[PDB]
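We begin with a single chain expressed as structure tokens, specifically the form deposited in one PDB entry.
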């Protein structure tokens, strides 16, 4: 009965895949009986973030093993885990705290996906409408597809040699309310078409609610430029955040129009609470940048699809550029790509 094109139906099945959600939770060693998908709650996850912030503070402060163990046990009480024969890993380093924070980020979007899914017509059409997003297939033979394929081909980083990328499908997307929300930023200068990678299990949340900023209660660990929305001009830097594997080599990646305006240019980590007055974004400066002479205009937006060349910058923490905005209204999502990851083994 569903009149949606086959590629769009396949996308809906992929994003609302309950088996992918359960597999993710098993990998995280979550107790699926004590915290089923339907029992995930914002208030409990909020409280879990706060505890992880206390753990992060305890670890860097060099607190006693007693107070670290206490906080570690409090986290596992809020978010039940099942380690089987193995005892529960002690949360006593920054990497472990960041891994649990990123698990919570993914769990929240899985909760959104499951709540939508269980919230006459073909089930595929019903679930499509719940995304509150217009999704159209971009024709393979179109100049539009040629530009996007070239962006993918040209901006694969030399140091990301674990996989090759193949574009399966290109979708043009329009989130309900996003045009009205973006309107004020639409006439800002320096609008750029940039990559945003995420786990497939996040995309129901991303399409229904848009790209969002980490809450205050989330720990600061791994936010190089503070709590904002991060984008790449190199497809492979973003593609890495799809967290695809040989077992599941199909990923989803966004092209967003980002209203960057006056960029605060940084070479090193700075946890931005407030931009300098007159700045609209941060650019992390990479050693390698898309060749600016190959910059193209797609529907009034700059597409940096040039091959990676040396920037001017040797004295930087970053191999590749990154772009951060601190207002959700500065992003207009344009395309969603289904990518095949061909791992080299």
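We call the rigid core whatever largest set of C-alpha positions still superposes within 1.5 Å between the two forms. Positions refer to the first chain, counted from 1.
Unmodelled residues of the deposited sequence between neighbouring positions residue 119 and residue 120 number 4 to 9. 78 to 86 and 128 to 136 differ in mean CA B-factor, and the higher of the two is recorded for 78 to 86. Between the stretches 184 to 192 and 235 to 243, it is 184 to 192 that shows the larger average CA temperature factor. Of the candidates 73, 202, 221, 270, it is 73 whose Cα B-factor is highest according to the PDB record. For residue 319, the recorded CA B-factor ranks within the lowest third of the chain. Only modelled residues enter the ranking. Annotation for residue 106: C-alpha temperature factor in the lowest third relative to the rest of the modelled chain, per the entry.
When the CA B factors of the chain's modelled residues are split into thirds, the value for residue 198 lands in the lowest one. Remark: residue 216 belongs to the middle third of its chain, ranked by C-alpha B-factor as recorded. Residue-level temperature factors show residue 249 in the highest third of its chain, judged at the C-alpha atom.
The protein also exists as the form deposited in another entry; that form is not presented, and the subsequent description refers to it.
Looking at 221, 236, 201, 133 after a core superposition between the shown form and the other one, you find that only 221 has a C-alpha shift of 2 Å or more. With the core held fixed, residue 303 shows a CA shift below 2 Å between the shown form and the other one. Once both forms are fitted on their core, the CA shift for residue 183 between the shown form and the other one remains under 2 Å.
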